[PDB]
A.B. asks: 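Below is one structure. I have some questions about it.
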Amino acid sequence: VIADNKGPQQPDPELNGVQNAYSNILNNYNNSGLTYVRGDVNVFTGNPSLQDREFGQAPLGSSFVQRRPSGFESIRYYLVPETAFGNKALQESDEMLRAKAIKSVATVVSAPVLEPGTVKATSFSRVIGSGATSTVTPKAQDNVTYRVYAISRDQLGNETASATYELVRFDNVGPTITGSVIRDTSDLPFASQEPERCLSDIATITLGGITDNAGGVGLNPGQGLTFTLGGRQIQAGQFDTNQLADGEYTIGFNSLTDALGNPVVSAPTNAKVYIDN
Amino acid sequence: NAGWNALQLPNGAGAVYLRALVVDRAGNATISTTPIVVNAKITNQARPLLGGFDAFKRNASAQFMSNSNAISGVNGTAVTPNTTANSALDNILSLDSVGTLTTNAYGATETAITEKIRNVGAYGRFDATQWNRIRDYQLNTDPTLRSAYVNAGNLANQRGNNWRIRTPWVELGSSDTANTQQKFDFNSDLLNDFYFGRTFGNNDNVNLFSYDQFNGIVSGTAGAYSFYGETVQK
Amino acid sequence: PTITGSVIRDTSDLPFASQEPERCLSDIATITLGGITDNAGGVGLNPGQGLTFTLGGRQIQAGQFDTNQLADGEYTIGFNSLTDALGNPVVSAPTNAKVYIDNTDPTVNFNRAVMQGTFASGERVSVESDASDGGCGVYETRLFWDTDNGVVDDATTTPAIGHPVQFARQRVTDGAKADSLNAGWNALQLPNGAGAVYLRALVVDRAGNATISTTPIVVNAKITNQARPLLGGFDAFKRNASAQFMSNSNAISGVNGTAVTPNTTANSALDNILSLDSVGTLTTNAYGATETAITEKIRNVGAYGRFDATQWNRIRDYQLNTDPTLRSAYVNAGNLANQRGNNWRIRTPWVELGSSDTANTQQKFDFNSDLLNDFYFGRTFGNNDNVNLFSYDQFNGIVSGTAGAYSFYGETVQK
Amino acid sequence: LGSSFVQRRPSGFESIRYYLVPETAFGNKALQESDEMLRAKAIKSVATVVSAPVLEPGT
Amino acid sequence: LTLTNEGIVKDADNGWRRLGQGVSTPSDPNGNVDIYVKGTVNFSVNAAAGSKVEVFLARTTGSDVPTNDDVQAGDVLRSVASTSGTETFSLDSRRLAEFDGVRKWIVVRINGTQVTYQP
Amino acid sequence: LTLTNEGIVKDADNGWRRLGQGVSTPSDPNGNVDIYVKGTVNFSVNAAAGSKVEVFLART
């Protein structure tokens with residue numbers, strides 16, 4: 001018989017972007033060692049030079065001149081929510097124990113990769129998809145911080161877990177904008193019957209805002225949308241309506257995406273006001 | 001039953017002691033020792049070269065230093081035990097692959113007969129204070145030593161001969177092949193696997209139940225080895 | 001009211017210009033924005049009112065724009081709709097061009113020649129490397145062997161050269177997401193010497209994003225490797241001129257009586273020839289013997305052109321200190337700086353032009369070139385202006401034997 | 001060491017061919033010089049007068 | 001790489017051809033007929049339907065440390081759990097450049113037991 | 001350690017499997033088919049009824 005009780009060398013997971021319409025990537029977010037992804041991400045092995053252990057020269061007189069382990073078999077990728085690691089009783093040391101621990105609390109698991117793949121693909125490539133647009137399986141969940149681990153196993157099933165993981169979050173939901181209104185505040189000489197429809201002289205405008213979803217990547221810093229009425233740019237506060245012609249006008253706004261380039265999800269409809277001076 | 005790849009200083013002959021530590025379910029612990037002799041191979045003529053290494057928090061950046069075959073104090077990037085699930089507070093021990101080589105070999109007949117690097121292992125050192133407490137208990141304080149229903153001399157002799165050792169190094173894992181960043185890197189929260197429910201349930205006083213040093217060993221096929229590491233800020 | 005389209009284009013050439021300066025984008029870009037005008041003979045629009053433009057979640061103004069402020073991905077320049085003074089809507093809208101922002105260098109590693117011991121001089125070494133890019137894709141890959149590491153003092157040459165020397169190259173046509181370069185190098189070493197040699201892979205993507213990976217090996221001189229090959233007279237001269245040979249083995253000589261300059265025209269008379277005398281060129285390495293001497297022969301006579309020192313210095317300075325990505329708020333500025341400080345602190349490379357090989361009827365190993373860098377002038381990247389920056393500054397050669405010993409010669413380019 | 005043969009056995013020399021290229025064609029600086037295989041491709045691209053390949057050194 | 005009417009092989013970046021050689025003088029003649037390959041070449045392997053098929057370059061296991069020869073995870077050319085009767089894989093001739101001009105083998109394993117070689 | 005439909009061996013702490021190998025390049029190919037074992041494995045030995053049976057590791 002031949003004995004094999006050691007798994008291959010530890011595989012290193014690595015992340016790359018995907019080049020299509022609905023995917024964006026940020027490498028480091030707010031100095032937290034976190035990668036933000038919209039759409040698809042590509043997980044591969046950064047060191048396909050790993051070999052199965054135990055290897056080396058056989059002892060003198062052996063049946064072979066070198067040790068012949070069972071040999072490298074496969075690599076698999078595991079996404080584990082960060083919160084699951086609040087349980088400090090999970091094993092770190094003894095890479096086989098680490099692999100068992102990772103398998104215990106895994107939520108998103110990829111199919112094992114038996115081949116490094118073609119020349120045009122990365123080493124043992126897998127794709128993780130997110131959002132409605134993506135059709136790539138498996139699909140992770142939004143607003144969850146995942147640890148990405150890789151486990152490499154040999155022909156007898158001996159497993160070893162990565163010495164390091166990757167930190168990834170997903171965000172596939174765009175911002176939303178609140179409504180804006182304009183009302184008549186000039187009563188002299190005689191107040192308007194309805195300030196909401198009939199407007200004259202100085203008016204007061206309150207403008208809405210744009211916010212990204214709670215728990216998402218957020219908007220780009222120091223970015224705010226602009227508002228127009230008829231053919232003029234309007235700022236919140238007091239505004240002289242004499243500066244533009246009479247007729248029906250409505251408040252318009254420009255659309256902005258979030259930091260991951262997610263389109264605006266919901267936009268309001270503003271009231272139509274007639275200006276009669 | 002296990003296998004150990006023998007290691008020795010270059011061109012040296014020495015005695016190496018294999019120790020077995022066994023604990024029962026009430027916390028009764030014993031250590032047995034057996035000696036062997038290790039001779040360096042003919043090819044074993046120099047310690048493996050080490051590149052820069054550093055231990056740093058995961059969200060931080062490395063500041064490498066050249067302190068091979070020694071353990072360095074706290075540098076600009078401190079490492080501390082992480083009791084929470086926050087992945088940003090984990091610790092990384094990284095060794096540069098560019099400076100890491102072994103010169104051991106066996107011109108030759110158009111093909112050099114050489115020795116390769118076999119393993120890059122990461123270890124966490126047992127806390128010195130906790131180990132000192134355990135050792136003092138096993139040597140002088142255990143009540144069983146003053147027990148009237150025991151051979152107080154036989155027990156003291158069998159312990160004085162096995163427990164007079166320094167704080168152990170716990171095998172965390174192997175850094176193995178270099179990454180796309182040309183590093184051998186290992187990640188840990190620097191919590192002792194003897195405690196925190198991994199082996200025994202001990203939670204309080206994180207200082208006593210966390211590693212005080214984050215270390216690594218580079219070993220080649222010829223049996224030569226070098227070690228590096230940094231003290232834990234704690 | 002009519003509105004004109006806007007254009008954003010890549011104008012950041014360091015370190016390497018982008019293949020498509022208006023699709024793939026990297027670092028600083030230039031934006032030209034259009035405008036809104038009322039129809040001729042109309043009221044003429046409200047006064048002091050203009051359009052505002054955005055690019056995927058940022059407000060953008062015409063001029064220089066740092067693309068590091070945005071994530072990598074597909075974007076289009078957007079604008080608001082503005083009506084005229086009489087409230088007439090916009091009549092027509094332009095569909096602005098779709099662009100891709102990529103500020104991430106390719107990931108590159110070596111699988112073969114890792115975790116290494118030693119090689120013997122003269123034996124072939126299998127060098128295998130892999131590269132990938134998620135953004136605009138892998139374009140060009142080059143492989144070099146270097147003797148010295150962490151040195152930036154150009155204009156110097158050690159007895160073992162001490163500069164990266166190219167020995168393999170590859171190009172991807174379609175900008176695929178990944179590629180692999182596999183090559184063989186004949187190990188070289190100084191006689192009766194043991195040293196460390198670094199194999200470097202330089203990979204560029206399509207926006208000009210460049211990376212370098214390094215793996216160390218040890219080379220031991222063979223038993224037969226006991227002396228450097230003897231070199232005859234050599235000279236670099238214009239094709240229509242005549243040689244003036246000199247004896248400066250294992251060194252690089254300044255401009256002699258026959259200058260060599262880059263030739264930007266088709267005139268064959270202005271080409272440059274590097275010539276080495278075959279009479280004085282020998283190898284003394286060997287293994288009386290049994291009536292037949294066991295010997296070592298000369299394997300290769302290769303011609304190289306050195307990368308310009310000023311251009312290389314600019315590229316290196318950009319990769320080490322100036323790249324805007326280093327100050328980017330969406331990157332690990334420490335990891336990136338560490339990974340570059342460890343691979344880009346090298347001297348100007350030597351580009352493999354060809355092999356002189358067997359001696360001619362004139363008893364010379366001769367090579368012909370116009371001394372134009374193959375990185376530029378449309379061979380790899382489109383760079384035409386300032387011929388001084390984009391032409392070789394040295395015309396050099398290496399003579400290597402079967403035992404792995406080698407010697408080098410060459411002359412500085414007058415430029 | 002240990003190879004199936006004691007020396008390397010390349011596919012072996014086959015043929016030589018001659019190409020006449022007008023000098024003006026080299027006004028395009030984008031044509032390749034380095035990487036002799038690339039140079040051969042470049043020469044084949046702009047060849048005008050091409051001789052038949054010669055398989056023998058001749059009498 | 002078929003032979004043209006002109007007397008040379010057709011132009012291609014990748015291909016293969018079966019060549020016979022002989023060497024002598026001073027030694028007694030010794031010859032070999034081998035498949036020479038350049039660039040990236042495609043190959044096909046036949047197996048029974050439903051059989052797991054694995055294809056390796058050089059070694060299935062057993063790294064030779066003294067000769068600096070290793071087996072790596074990346075050396076698997078192809079591996080399918082189930083096969084419809086035949087499999088197709090690709091080989092880059094520039095891999096293992098140390099063996100330029102000598103034989104290197106492709107190893108095929110069926111059901112984890114049956115092993116065949118092709119130089 | 002039987003083979004699953006997915007293409008890898010089933011998960012177990014102890015088991016055995018018969019594996020064929022080959023090694024070559026530069027050397028001529030040489031292969032072996034052996035029973036590989038991991039963990040603690042059970043074995044059976046047949047003998048005539050009433051016969052004393054002894055089993056040793058390595059050497060008698």
Side-chain angles (χ1 to χ4, degrees), chain A residues 1-11 50-56 58-59 62-64 66-76 78 90-104 106 112 114 149-162, chain B residues 1-5 18 20-23 25 118-119 121 170-174 176 193 198-199, chain E residues 52 60-62 73 109 111-113, chain F residues 1-21 32-45 54-59:
Chain A
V1 298
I2 307 186
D4 202 10
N5 290 294
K6 201 145 188 49
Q9 291 179 299
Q10 60 96 28
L50 65 99
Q51 55 177 316
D52 196 24
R53 323 177 277 198
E54 285 259 16
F55 60 83
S62 306
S63 72
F64 319 124
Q66 70 280 115
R67 306 179 175 293
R68 297 195 167 159
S70 68
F72 173 82
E73 186 195 45
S74 178
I75 287 164
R76 205 170 193 155
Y78 292 83
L90 291 172
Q91 305 274 23
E92 261 200 352
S93 306
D94 195 284
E95 68 268 337
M96 226 165 282
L97 293 190
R98 184 184 272 193
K100 291 185 191 308
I102 294 315
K103 264 151 102 143
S104 70
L114 306 192
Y149 283 96
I151 280 158
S152 71
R153 97 188 309 221
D154 62 12
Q155 288 284 335
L156 276 190
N158 296 94
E159 278 154 82
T160 171
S162 317
Chain B
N1 314 309
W4 175 57
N5 294 49
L18 313 176
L21 157 64
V22 166
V23 186
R25 319 251 300 186
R118 204 202 290 275
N119 173 262
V170 186
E171 183 179 0
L172 307 187
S174 95
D176 260 340
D193 40 61
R198 283 138 175 194
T199 304
Chain E
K52 170 167 160 68
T60 299
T61 189
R109 186 157 63 184
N111 294 308
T113 52
Chain F
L1 294 168
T2 62
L3 214 69
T4 72
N5 79 354
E6 176 138 39
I8 54 175
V9 292
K10 64 186 280 186
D11 203 346
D13 289 346
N14 324 289
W16 68 267
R17 183 156 79 122
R18 190 188 325 284
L19 267 177
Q21 320 279 343
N32 64 261
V33 175
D34 275 342
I35 298 170
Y36 279 76
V37 290
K38 64 168 210 163
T40 295
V41 187
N42 305 331
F43 295 90
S44 174
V45 184
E54 333 172 58
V55 179
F56 304 82
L57 183 66
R59 293 179 165 78

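Proteins come first, then strands; the chains are lettered A, B, ... in the order of their sequence lines, and each starts at number 1.
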A.B. asks: Can you see which heavy atom on A/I151 is nearest to which on A/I102, and at what distance?
C.D. replies: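 Heavy atoms only, the tightest pair is CD1-CG2, 4.0 Å.
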A.B. asks: Roughly how far, to the nearest 0.5 Å, is the CD1 atom of F/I35 from the CG atom of F/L19?
C.D. replies: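 These two atoms lie 10.5 Å from each other.
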A.B. asks: Salt bridge or not between A/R68 and F/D34? Use side-chain N to carboxylate O under 4.0 Å.
C.D. replies: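 A salt bridge is absent here (no side-chain N lies under 4.0 Å from a carboxylate O).
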A.B. asks: A side-chain contact here means heavy atoms from C-beta on lying under 4.5 Å apart; do F/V37 and A/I2 qualify?
C.D. replies: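 With C-beta onward as the side chain, the pair stays apart.
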A.B. asks: Out of curiosity, F/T4 OG1 to F/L1 CG, how far, rounded to the nearest 0.5 Å?
C.D. replies: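 These two atoms lie 11.0 Å from each other.
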A.B. asks: I want to check something: taking the side chain as every heavy atom from C-beta on, are A/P112 and F/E6 in contact at a cut-off of under 4.5 Å?
C.D. replies: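 Result yes, sub-4.5 Å side-chain heavy-atom pair found.
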A.B. asks: Using side chain to side chain donor-acceptor pair (under 3.5 Å) as the criterion, list what pairs up with B/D193, not counting sequence neighbours.
C.D. replies: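 B/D193: side chain to side chain donor-acceptor pair (under 3.5 Å) contacts with A/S93, B/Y211.
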A.B. asks: Do side-chain atoms of A/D154 reach the backbone of A/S70 as a donor and acceptor pair under 3.5 angstrom?
C.D. replies: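 No, the answer is negative, given that no donor and acceptor are paired below the 3.5 Å cut-off.
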A.B. asks: Got A/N158 and A/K6 here, is their nearest side-chain heavy-atom distance under 4.5 Å?
C.D. replies: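 A side-chain contact is absent here, since even the closest heavy-atom pair is not under 4.5 Å.
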A.B. asks: Any non-hydrogen side-chain atom of A/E73 less than 4.5 Å from a side-chain atom of A/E159?
C.D. replies: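 With C-beta onward as the side chain, the pair stays apart.
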A.B. asks: Side chains of E/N111 and E/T113: donor-acceptor distance under 3.5 Å anywhere?
C.D. replies: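 No, E/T113 and E/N111 have no side-chain donor paired with an acceptor closer than 3.5 Å.
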A.B. asks: Taking F/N32's backbone N and O only, do any of them form a donor-acceptor pair with F/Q21's side chain (distance below 3.5 Å, no angle check)?
C.D. replies: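 Looks like no, no N/O pair under 3.5 Å.
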A.B. asks: Are A/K100 and F/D13 close enough that some pair of their side-chain heavy atoms sits under 4.5 Å apart?
C.D. replies: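 Yes - at least one pair of side-chain heavy atoms lies under 4.5 Å apart.
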A.B. asks: Using side-chain heavy atoms (C-beta onward) and a distance below 4.5 Å, is A/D52 in contact with A/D4?
C.D. replies: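 A/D52 vs A/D4: side chains touch.
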A.B. asks: Do E/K52 and A/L114 pass the side-chain contact (heavy atoms from CB on, under 4.5 Å) test, and can you show the C-alpha distance, the side-chain angles, and the key distance before you say yes or no?
C.D. replies: CA-CA 11 Å; E/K52 170 167 160 68; A/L114 306 192; 4.2 Å; yes
A.B. asks: Let me see the working for A/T160 and A/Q9 under side-chain contact (heavy atoms from CB on, under 4.5 Å), right down to the final yes or no.
C.D. replies: CA-CA 7 Å; A/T160 171; A/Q9 291 179 299; over 6 Å; no
A.B. asks: Considering all heavy atoms of both residues, which atom of B/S174 and which atom of B/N119 are nearest to each other, and what is their separation?
C.D. replies: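 For B/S174 and B/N119, the tightest heavy-atom pair comes out as CB-ND2, 3.7 Å.
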A.B. asks: Treating F/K38 as the side-chain partner and F/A12 as the backbone partner, does any N or O pair qualify as donor plus acceptor under 3.5 Å?
C.D. replies: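 Present.
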A.B. asks: Does A/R53 reach the main-chain N or O of A/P8 with its side chain, forming a donor-acceptor pair under 3.5 Å?
C.D. replies: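 Between the backbone of A/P8 and the side chain of A/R53 there is a qualifying donor-acceptor contact (under 3.5 Å).
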A.B. asks: Could you walk me through whether F/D11 and A/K103 pass the side-chain contact (heavy atoms from CB on, under 4.5 Å) check?
C.D. replies: CA-CA 11 Å; F/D11 203 346; A/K103 264 151 102 143; 3.1 Å; yes
A.B. asks: Using modelled atom types only, decide if a donor and an acceptor are shared between the side chain of A/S162 and the backbone of A/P11 within a distance under 3.5 Å.
C.D. replies: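 Such a contact is found between A/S162 side chain and A/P11 backbone.
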A.B. asks: Start with the C-alpha distance between F/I8 and A/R76, add both sets of side-chain angles, then the distance that settles side-chain contact (heavy atoms from CB on, under 4.5 Å), and finish with yes or no.
C.D. replies: CA-CA 11 Å; F/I8 54 175; A/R76 205 170 193 155; 3.9 Å; yes
A.B. asks: Can you tell me how far CZ of A/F72 sits from CZ of A/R153, rounded to the nearest 0.5 angstrom?
C.D. replies: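 A/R153 atom CZ to A/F72 atom CZ measures 11.0 Å (nearest 0.5 Å).
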A.B. asks: Under 3.5 Å, is there a donor-acceptor pair between the side chain of A/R98 and the main chain of A/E92?
C.D. replies: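 Indeed, once roles are kept as given, a pair shorter than 3.5 Å links the two residues.
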A.B. asks: Assess whether a salt bridge exists between A/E54 and B/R118, defined as any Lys/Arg side-chain N lying under 4.0 Å from an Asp/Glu carboxylate O.
C.D. replies: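 Salt bridge flag = no for B/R118 with A/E54.
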A.B. asks: Taking C-beta and beyond as the side chain, do A/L156 and F/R17 meet within less than 4.5 Å on heavy atoms?
C.D. replies: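 They are in contact (side-chain heavy atoms under 4.5 Å apart), so the answer is yes.
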